[PDB]
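Colleague: Questions regarding the structure given below will be posed in turn.
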2 protein chains.
Amino acid sequence: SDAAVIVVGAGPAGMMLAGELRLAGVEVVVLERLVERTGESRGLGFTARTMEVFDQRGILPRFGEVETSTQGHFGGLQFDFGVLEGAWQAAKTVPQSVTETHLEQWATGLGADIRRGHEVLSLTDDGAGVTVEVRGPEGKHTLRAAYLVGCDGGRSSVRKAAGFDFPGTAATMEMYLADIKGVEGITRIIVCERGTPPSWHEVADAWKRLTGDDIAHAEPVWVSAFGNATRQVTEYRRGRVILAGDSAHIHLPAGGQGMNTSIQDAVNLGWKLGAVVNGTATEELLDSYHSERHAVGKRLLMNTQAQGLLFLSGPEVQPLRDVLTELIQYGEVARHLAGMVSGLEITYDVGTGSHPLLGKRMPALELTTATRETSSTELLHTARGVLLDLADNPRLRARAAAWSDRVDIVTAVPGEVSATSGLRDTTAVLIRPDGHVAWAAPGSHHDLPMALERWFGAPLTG
Amino acid sequence: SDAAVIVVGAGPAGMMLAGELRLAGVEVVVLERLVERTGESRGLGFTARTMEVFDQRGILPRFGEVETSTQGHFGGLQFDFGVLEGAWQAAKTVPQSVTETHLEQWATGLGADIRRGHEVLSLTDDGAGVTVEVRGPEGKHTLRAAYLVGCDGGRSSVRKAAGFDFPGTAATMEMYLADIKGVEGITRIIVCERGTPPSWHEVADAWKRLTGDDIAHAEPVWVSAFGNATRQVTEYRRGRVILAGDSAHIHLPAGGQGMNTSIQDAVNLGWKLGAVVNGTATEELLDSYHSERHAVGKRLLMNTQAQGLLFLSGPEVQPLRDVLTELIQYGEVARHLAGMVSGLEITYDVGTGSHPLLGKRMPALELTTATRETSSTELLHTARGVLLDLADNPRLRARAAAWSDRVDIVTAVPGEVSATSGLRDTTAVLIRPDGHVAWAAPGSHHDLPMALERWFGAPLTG
Ligand SMILES: Cc1cc2nc3c(=O)[nH]c(=O)nc-3n(C[C@H](O)[C@H](O)[C@H](O)COP(=O)(O)OP(=O)(O)OC[C@H]3O[C@@H](n4cnc5c(N)ncnc54)[C@H](O)[C@@H]3O)c2cc1C
Ligand SMILES: Cc1cc2nc3c(=O)[nH]c(=O)nc-3n(C[C@H](O)[C@H](O)[C@H](O)COP(=O)(O)OP(=O)(O)OC[C@H]3O[C@@H](n4cnc5c(N)ncnc54)[C@H](O)[C@@H]3O)c2cc1C
Ligand SMILES: [Cl-]
Ligand SMILES: [Cl-]
Ligand SMILES: [Cl-]
Ligand SMILES: [Cl-]
């Protein structure tokens with residue numbers, strides 16, 4: 001009947017979060033209404049940043065060999081992401097349900113208590129905790145935790161119940177998709193017909209009219225409908241209730257962004273909520289999940305709507321495609337768009353300074369220490385802070401030592417770095433558990449103890 | 001009853017063309033149905049390239065002091081054109097009718113025979129000439145010329161009569177504009193209301209609903225309606241019949257492009273048609289007006305429709321504005337868009353080579369010769385070819401001399417040039433009468449006699 005945190009939903013947000021919470025030592029119970037995984041695999045593949053956030057927790061061997069691609073697009077306009085370092089890491093084909101499967105197995109292995117066939121019906125936040133009414137296999141009962149995170153999808157029960165505001169615009173049309181056998185081991189169709197208002201046969205009629213080709217004879221594996229409703233909560237947290245994934249942001253599924261943003265909500269949240277449970281941090285840390293991820297979510301609605309207009313509008317939008325195509329020929333444009341599609345652009349407010357990596361993801365950096373060959377990616381496996389002492393400076397090691405219960409201080413000779421990476425001439429980096437750079441030397445206005453304090457809390461009492 | 005060329009229309013296309021034809025020594029008769037200039041001034045200002053094509057004919061003193069601005073925009077998104085060299089030359093406020101007035105006076109001074117209150121009713125092209133039925137002050141009569149150029153506006157009588165194909169898309173909505181006194185020497189309004197189907201009072205109703213402010217009490221100077229019909233002729237010439245201006249391309253009036261493109265159609269055409277009349281060139285030269293200017297016209301429909309979508313669509317297009325705004329922060333994007341709005345981007349196919357100016361406009365270049373201080377702009381005043389011998393190379397002077405009846409060969413020490421201008425390390429430039437670079441050394445694949453031949457025709461018989 002207890003846990004430190006209750007997570008509602010075992011989609012990719014919920015499973016990632018459960019795992020992250022376990023890495024922070026948190027007792028976590030996940031509540032999922034479905035008895036089994038649906039096996040749909042509506043999304044295909046994942047972004048280079050998602051691949052990186054899997055990698056930094058050692059999750060990748062679970063997938064085996066993964067096909068990658070630099071061939072991306074923005075609203076249908078094709079171009080090469082190769083122009084942006086690290087964009088090569090995008091997984092091309094993995095179905096959503098395989099990804100979910102691995103994250104479930106990962107999080108379960110770490111000790112997450114996942115209760116399937118348990119539906120959350122209602123909830124009460126009373127300042128000291130959250131209590132949920134749940135229907136399980138045994139019928140109605142209650143559970144209680146310090147915190148409750150709604151990872152329960154587009155039509156979130158938690159969002160509805162805790163009184164979150166969810167402004168934005170209602171659905172305007174309807175698309176269709178189908179898993180089908182016959183003509184071209186089943187191939188997918190993408191049915192986006194002109195002017196469909198908000199049986200599988202109608203899905204055929206929508207294909208014969210759009211392309212001229214007849215397919216009313218195909219075996220229907222999966223058939224589904226979806227909108228272009230675009231909404232985001234004004235608050236990611238109301239007291240002891242938190243949201244991550246679709247529960248916080250819905251949009252047209254354009255340019256492969258939803259699962260990726262939701263998994264990455266969970267990666268921002270886990271370590272922060274864990275610090276809070278463990279008592280090493282205050283709710284100030286917790287607020288940075290709202291500000292950081294509301295900002296990201298806002299950008300996701302922009303991204304997907306902008307692509308949707310380019311994809312779904314008639315020939316009237318062609319002059320815009322044409323202009324944008326011309327712009328895409330410029331390196332800076334290509335990279336900007338690749339930055340946005342990949343998620344590699346993501347930059348949190350961590351204070352000012354000239355260091356080009358502040359607030360951005362720490363890119364993969366090879367490291368030789370005194371006792372081992374390792375990498376920044378490797379050192380992130382346990383979801384602790386990582387301070388890289390790149391120029392054998394022992395003063396640095398002593399300034400940070402009061403946070404060494406929470407931050408690994410690593411002295412290493414760094415590998416070769418690219419001009420564009422941001423790592424040239426860098427003598428030190430403080431990396432947050434989610435991989436984001438809190439501070440670097442030289443070129444941070446804020447000092448190292450401020451950064452350590454801001455993300456990890458009070459120093460140890462000597 | 002005769003002339004070498006008959007021009008139909010004394011809008012800015014017709015007046016510029018008349019002038020250009022006079023500079024080539026051509027007997028030109030302009031036929032204009034209106035008795036006086038309407039005085040509307042629907043367009044305000046003109047582009048930096050228009051300013052340059054006026055400048056290169058010494059037309060500018062007619063305007064006196066002209067206010068210029070680097071503050072431009074693309075579909076409402078404001079930014080600084082200063083990033084592109086020469087974009088500063090955009091005239092900010094001059095009304096269309098002042099500009100027309102000066103071009104009329106300029107062309108009349110050069111000997112253009114302009115017949116006002118003469119309307120073209122019909123025409124016949126019979127392989128050796130064109131004959132028009134015209135109603136004048138004396139009633140119906142006929143005129144004949146070697147060529148006929150329709151510069152007769154959006155609803156072109158010439159285009160209709162000579163059987164030009166005019167594909168594209170019909171008008172979709174309707175806007176309004178008004179010259180008005182009262183609140184804020186009369187100020188203009190811009191009325192673009194949501195969902196108006198294809199009296200001045202309705203123009204007031206369209207202002208009170210759009211802004212919330214009431215103005216049903218204002219004195220109506222000028223009041224007009226216009227569409228977003230977007231069409232372009234597939235042929236700029238059918239035999240001995242030619243089109244320039246709106247007669248060839250109609251579009252939404254977005255981002256100040258129409259008059260500018262039409263004046264510039266006339267600048268491309270005049271010298272070519274003149275060479276043809278004078279017998280120094282063949283109809284091959286004349287075809288390059290079609291190819292060069294159809295291409296430009298096609299780009300104009302793209303430009304204006306793309307801006308219109310950004311201007312006139314609801315909030316649904318805001319994510320696109322936002323993305324585009326972000327892109328505009330990049331120099332290359334800013335310049336590209338400035339290139340397109342200013343017209344400075346315009347580049348004709350003149351053959352290949354590495355020289356960065358091939359086919360582009362020759363930028364203003366100061367020149368010291370043996371007998372005078374001058375400029376490339378100055379040398380273009382008489383609409384002849386100009387070959388700049390920038391490194392005292394007498395072999396060059398002799399290779400071109402067989403075209404010196406048609407091409408001024410000028411030996412000069414060039415002034416300081418910018419890195420981005422395209423003139424660094426350039427030893428020679430062949431400039432066409434419209435200001436476009438046909439050939440330059442080093443870095444042209446084609447040789448100088450080929451270029452001379454292609455634009456000026458047969459060499460002189462020694
Ligand atoms: C056609 C289509 C294509 C897509 N393609 C892509 C793509 O290419 N790339 C991409 O990144 N994203 C894509 N998405 C979005 C993606 O599918 C993600 O699942 C979604 O964006 C985020 O998942 P989530 O974990 O937050 O929520 P969900 O995946 O919706 O999971 C929420 C879970 O909560 C459970 N639940 C709900 N209510 C309760 C309750 N009261 N009690 C207990 N449990 C509950 C549900 O059963 C569900 O399993 C696509 C979506 C669609 C429709
Ligand atoms: C509201 C508005 C704002 C605009 N703003 C701008 C702007 O900011 N910048 C810009 O560059 N452009 C702008 N334009 C376009 C611009 O007004 C130009 O005049 C047009 O783009 C090109 O002019 P033209 O000489 O080809 O034809 P026109 O100006 O239409 O002149 C054609 C002439 O032919 C005459 N004619 C027609 N039929 C016959 C016949 N049978 N016989 C004899 N004569 C005939 C007509 O009387 C007319 O004078 C705007 C247009 C509108 C409506
Ligand atoms: Cl998506
Ligand atoms: Cl090792
Ligand atoms: Cl225009
Ligand atoms: Cl002089």
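Here's how to read the names in the structure tokens: chain A, B, ... by the order shown, residue numbers from 1 in each chain, ligand numbers from 1 in the order shown.
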At a cut-off of 12 Å, using only C-alpha atoms, what residues contact residue B:62? Leave out same-chain residues fewer than 5 positions from it and give the result as a PDB file with C-alpha atoms, in the first residue's frame.
Modeller:
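Final output, saved to result_3.pdb:
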ATOM      1  CA  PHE B  54      17.462  53.853 -62.395  1.00  0.00           C
ATOM      2  CA  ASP B  55      20.959  54.938 -61.290  1.00  0.00           C
ATOM      3  CA  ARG B  57      20.690  55.373 -66.612  1.00  0.00           C
ATOM      4  CA  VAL B  98       5.803  59.886 -58.779  1.00  0.00           C
ATOM      5  CA  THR B  99       8.073  57.142 -60.059  1.00  0.00           C
ATOM      6  CA  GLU B 100       5.815  56.709 -63.102  1.00  0.00           C
ATOM      7  CA  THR B 101       5.805  60.458 -63.639  1.00  0.00           C
ATOM      8  CA  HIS B 102       9.618  60.616 -63.787  1.00  0.00           C
ATOM      9  CA  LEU B 103       9.862  57.654 -66.093  1.00  0.00           C
ATOM     10  CA  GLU B 104       7.318  59.270 -68.410  1.00  0.00           C
ATOM     11  CA  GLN B 105       9.276  62.495 -68.476  1.00  0.00           C
ATOM     12  CA  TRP B 106      12.529  60.658 -68.969  1.00  0.00           C
TER      13      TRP B 106
END
Colleague: Which residues are close to residue B:132, i.e. within 12 Å by only C-alpha atoms, leaving aside same-chain residues fewer than 5 positions away? Reply as a VMD selection string.
Modeller: chain B and resid 1 to 2 5 to 8 31 118 to 126 140 to 150 157 to 158 161 to 162 241
Colleague: Ligand 4: which residues are within 8 Å, counting only C-alpha atoms and all ligand atoms, as a PyMOL selection string?
Modeller: chain A and resi 371-374
Colleague: Identify every residue of chain A that has at least one atom within 9 Å of any atom of chain B, counting only C-alpha atoms, and report the result as a VMD selection string.
Modeller: chain A and resid 301 to 307 309 to 310 316 to 324 326 to 327 330 332 to 333 336
Colleague: Produce as an MDAnalysis selection string the set of residues near ligand 1, where near means within 6 Å with only C-alpha atoms and all ligand atoms considered.
Modeller: chainID A and resid 8:14 31:34 42:44 118:121 151:154 156:157 226 245:246 253 256:260 262
Colleague: Please produce an output containing N, CA, C and O atoms for each residue in the selection, written as a tab-separated table (two decimals), in the first residue's frame.
Modeller:
chain	number	residue	atom	x	y	z
A	8	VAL	N	1.94	6.51	-12.70
A	8	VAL	CA	0.75	5.98	-13.39
A	8	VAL	C	1.03	5.85	-14.88
A	8	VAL	O	1.18	6.85	-15.57
A	9	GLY	N	1.09	4.63	-15.39
A	9	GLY	CA	1.38	4.41	-16.79
A	9	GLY	C	2.70	3.69	-17.01
A	9	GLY	O	3.71	4.05	-16.42
A	10	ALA	N	2.66	2.66	-17.84
A	10	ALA	CA	3.87	1.94	-18.21
A	10	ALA	C	4.09	2.01	-19.72
A	10	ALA	O	4.47	1.02	-20.35
A	11	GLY	N	3.82	3.17	-20.29
A	11	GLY	CA	4.31	3.50	-21.62
A	11	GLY	C	5.78	3.86	-21.51
A	11	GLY	O	6.41	3.66	-20.46
A	12	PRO	N	6.37	4.40	-22.58
A	12	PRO	CA	7.81	4.67	-22.49
A	12	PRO	C	8.20	5.72	-21.43
A	12	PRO	O	9.28	5.61	-20.83
A	13	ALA	N	7.34	6.70	-21.16
A	13	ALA	CA	7.60	7.68	-20.09
A	13	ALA	C	7.69	7.00	-18.73
A	13	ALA	O	8.66	7.19	-18.01
A	14	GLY	N	6.68	6.18	-18.42
A	14	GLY	CA	6.57	5.49	-17.15
A	14	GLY	C	7.71	4.51	-16.92
A	14	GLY	O	8.25	4.43	-15.82
A	31	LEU	N	1.66	1.85	-11.81
A	31	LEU	CA	0.30	1.35	-11.98
A	31	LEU	C	-0.10	1.43	-13.45
A	31	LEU	O	-0.07	2.51	-14.07
A	32	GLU	N	-0.40	0.27	-14.03
A	32	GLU	CA	-0.74	0.17	-15.45
A	32	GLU	C	-2.03	-0.63	-15.60
A	32	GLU	O	-2.13	-1.75	-15.09
A	33	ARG	N	-3.02	-0.04	-16.29
A	33	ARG	CA	-4.37	-0.63	-16.47
A	33	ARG	C	-4.37	-1.85	-17.39
A	33	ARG	O	-5.13	-2.79	-17.17
A	34	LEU	N	-3.53	-1.81	-18.41
A	34	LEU	CA	-3.40	-2.91	-19.36
A	34	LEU	C	-2.73	-4.12	-18.73
A	34	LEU	O	-1.83	-3.98	-17.89
A	42	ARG	N	3.30	1.84	-32.93
A	42	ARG	CA	2.90	2.99	-33.74
A	42	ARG	C	4.08	3.87	-34.16
A	42	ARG	O	4.23	4.19	-35.33
A	43	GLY	N	4.95	4.24	-33.23
A	43	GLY	CA	6.20	4.88	-33.63
A	43	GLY	C	7.21	3.87	-34.15
A	43	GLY	O	7.27	2.73	-33.67
A	44	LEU	N	8.01	4.29	-35.13
A	44	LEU	CA	9.19	3.55	-35.60
A	44	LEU	C	10.49	4.32	-35.37
A	44	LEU	O	10.64	5.46	-35.84
A	118	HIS	N	-4.05	-2.71	-13.13
A	118	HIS	CA	-4.38	-1.78	-12.06
A	118	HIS	C	-4.67	-0.44	-12.67
A	118	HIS	O	-3.77	0.20	-13.23
A	119	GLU	N	-5.91	0.01	-12.55
A	119	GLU	CA	-6.31	1.32	-13.08
A	119	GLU	C	-6.53	2.36	-11.99
A	119	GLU	O	-7.26	2.12	-11.02
A	120	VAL	N	-5.90	3.52	-12.14
A	120	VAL	CA	-6.14	4.65	-11.24
A	120	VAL	C	-7.47	5.35	-11.58
A	120	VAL	O	-7.72	5.76	-12.73
A	121	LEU	N	-8.32	5.48	-10.56
A	121	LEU	CA	-9.67	6.00	-10.73
A	121	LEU	C	-9.79	7.45	-10.26
A	121	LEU	O	-10.45	8.25	-10.91
A	151	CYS	N	2.09	9.37	-15.84
A	151	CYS	CA	2.66	9.02	-17.14
A	151	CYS	C	1.61	8.24	-17.93
A	151	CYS	O	1.93	7.26	-18.64
A	152	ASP	N	0.36	8.67	-17.79
A	152	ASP	CA	-0.79	7.93	-18.29
A	152	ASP	C	-1.39	8.42	-19.62
A	152	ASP	O	-2.60	8.26	-19.84
A	153	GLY	N	-0.56	9.01	-20.48
A	153	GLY	CA	-0.91	9.21	-21.90
A	153	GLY	C	-1.71	10.44	-22.24
A	153	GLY	O	-1.94	11.32	-21.39
A	154	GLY	N	-2.15	10.51	-23.49
A	154	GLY	CA	-2.86	11.68	-24.02
A	154	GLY	C	-4.09	12.10	-23.25
A	154	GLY	O	-4.31	13.29	-23.02
A	156	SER	N	-4.82	11.51	-20.13
A	156	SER	CA	-4.42	11.39	-18.71
A	156	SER	C	-5.52	11.52	-17.65
A	156	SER	O	-6.18	12.57	-17.53
A	157	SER	N	-5.68	10.46	-16.85
A	157	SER	CA	-6.61	10.48	-15.73
A	157	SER	C	-6.09	11.37	-14.60
A	157	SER	O	-6.88	12.03	-13.91
A	226	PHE	N	-6.30	9.08	-35.46
A	226	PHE	CA	-5.68	10.10	-34.58
A	226	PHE	C	-5.88	11.53	-35.09
A	226	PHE	O	-6.06	11.75	-36.29
A	245	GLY	N	5.45	12.94	-20.28
A	245	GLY	CA	4.93	12.33	-21.50
A	245	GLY	C	3.71	13.04	-22.07
A	245	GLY	O	3.51	14.25	-21.85
A	246	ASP	N	2.87	12.27	-22.76
A	246	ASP	CA	1.68	12.80	-23.44
A	246	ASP	C	0.74	13.50	-22.46
A	246	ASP	O	0.03	14.47	-22.83
A	253	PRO	N	1.13	13.73	-34.48
A	253	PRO	CA	2.36	12.93	-34.55
A	253	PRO	C	3.18	13.22	-35.81
A	253	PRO	O	3.12	12.47	-36.78
A	256	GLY	N	8.40	12.36	-35.75
A	256	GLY	CA	8.90	11.42	-34.73
A	256	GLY	C	9.35	12.04	-33.42
A	256	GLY	O	10.50	11.88	-33.03
A	257	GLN	N	8.45	12.74	-32.73
A	257	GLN	CA	8.87	13.52	-31.57
A	257	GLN	C	8.27	13.10	-30.22
A	257	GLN	O	8.93	13.24	-29.20
A	258	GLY	N	7.05	12.56	-30.22
A	258	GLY	CA	6.32	12.26	-28.97
A	258	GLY	C	6.96	11.33	-27.94
A	258	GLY	O	7.16	11.73	-26.78
A	259	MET	N	7.25	10.09	-28.35
A	259	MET	CA	7.88	9.13	-27.47
A	259	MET	C	9.22	9.67	-26.97
A	259	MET	O	9.54	9.59	-25.77
A	260	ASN	N	9.98	10.25	-27.91
A	260	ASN	CA	11.29	10.79	-27.64
A	260	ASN	C	11.21	11.89	-26.55
A	260	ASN	O	12.02	11.87	-25.60
A	262	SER	N	8.84	12.25	-24.40
A	262	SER	CA	8.27	11.68	-23.18
A	262	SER	C	9.30	10.88	-22.38
A	262	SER	O	9.41	11.03	-21.18
Colleague: Per DSSP on the backbone, what are the alpha helix (DSSP H) residues of stretch 124-373 of chain A, as an MDAnalysis selection string?
Modeller: chainID A and resid 157:161 200:211 258:278 283:312 318:328 331:342
Colleague: If DSSP is run on the backbone, what residues of stretch 177-390 of chain A are strand (DSSP E or B)? A reply as an NGL selection string would be ideal.
Modeller: :A and (177-181 or 187-191 or 219-226 or 230-232 or 237-238 or 241-243 or 249-250 or 347 or 360-361 or 366-368 or 373-375 or 385-389)
Colleague: Give me the residues within 9 Å of residue A:389 as a ChimeraX atom specification, counting only C-alpha atoms and dropping any in the same chain fewer than 3 places off.
Modeller: /A:392-394,396-397,409-413,427-429
Colleague: Excluding residue B:175 and its own-chain neighbours fewer than 4 positions away, which residues fall within 12 Å of it when counting only C-alpha atoms? Please give them as an mmCIF file with C-alpha atoms, in the first residue's frame.
Modeller:
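Wrote it out as result_37.cif, contents follow:
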data_model
loop_
_atom_site.group_PDB
_atom_site.id
_atom_site.type_symbol
_atom_site.label_atom_id
_atom_site.label_comp_id
_atom_site.auth_asym_id
_atom_site.auth_seq_id
_atom_site.Cartn_x
_atom_site.Cartn_y
_atom_site.Cartn_z
ATOM 1 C CA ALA B 171 -8.407 34.456 -56.809
ATOM 2 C CA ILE B 189 -4.900 51.846 -44.066
ATOM 3 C CA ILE B 190 -4.268 48.134 -44.781
ATOM 4 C CA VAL B 191 -7.473 46.076 -44.503
ATOM 5 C CA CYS B 192 -6.921 42.274 -44.536
ATOM 6 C CA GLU B 193 -9.867 40.620 -42.732
ATOM 7 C CA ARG B 194 -10.426 36.894 -42.058
ATOM 8 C CA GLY B 195 -12.594 35.185 -44.724
ATOM 9 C CA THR B 196 -13.764 37.934 -47.099
ATOM 10 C CA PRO B 197 -15.306 36.314 -50.277
ATOM 11 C CA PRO B 198 -13.783 36.971 -53.773
ATOM 12 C CA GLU B 202 -17.830 47.929 -45.605
ATOM 13 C CA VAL B 203 -14.136 48.964 -45.541
ATOM 14 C CA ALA B 206 -13.447 45.522 -41.856
ATOM 15 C CA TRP B 207 -11.340 47.831 -39.677
ATOM 16 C CA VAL B 223 -10.618 53.113 -51.959
ATOM 17 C CA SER B 224 -9.829 49.894 -53.847
ATOM 18 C CA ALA B 225 -10.156 46.088 -53.965
ATOM 19 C CA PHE B 226 -7.669 43.384 -55.093
ATOM 20 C CA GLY B 227 -7.273 39.572 -55.210
ATOM 21 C CA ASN B 228 -4.647 36.822 -54.793
ATOM 22 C CA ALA B 229 -4.970 35.351 -58.263
ATOM 23 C CA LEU B 252 -1.000 38.919 -54.497
ATOM 24 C CA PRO B 253 0.697 42.304 -53.881
ATOM 25 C CA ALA B 254 3.024 40.991 -51.134
ATOM 26 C CA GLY B 308 1.112 35.981 -48.372
ATOM 27 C CA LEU B 312 -2.651 36.364 -44.238
#
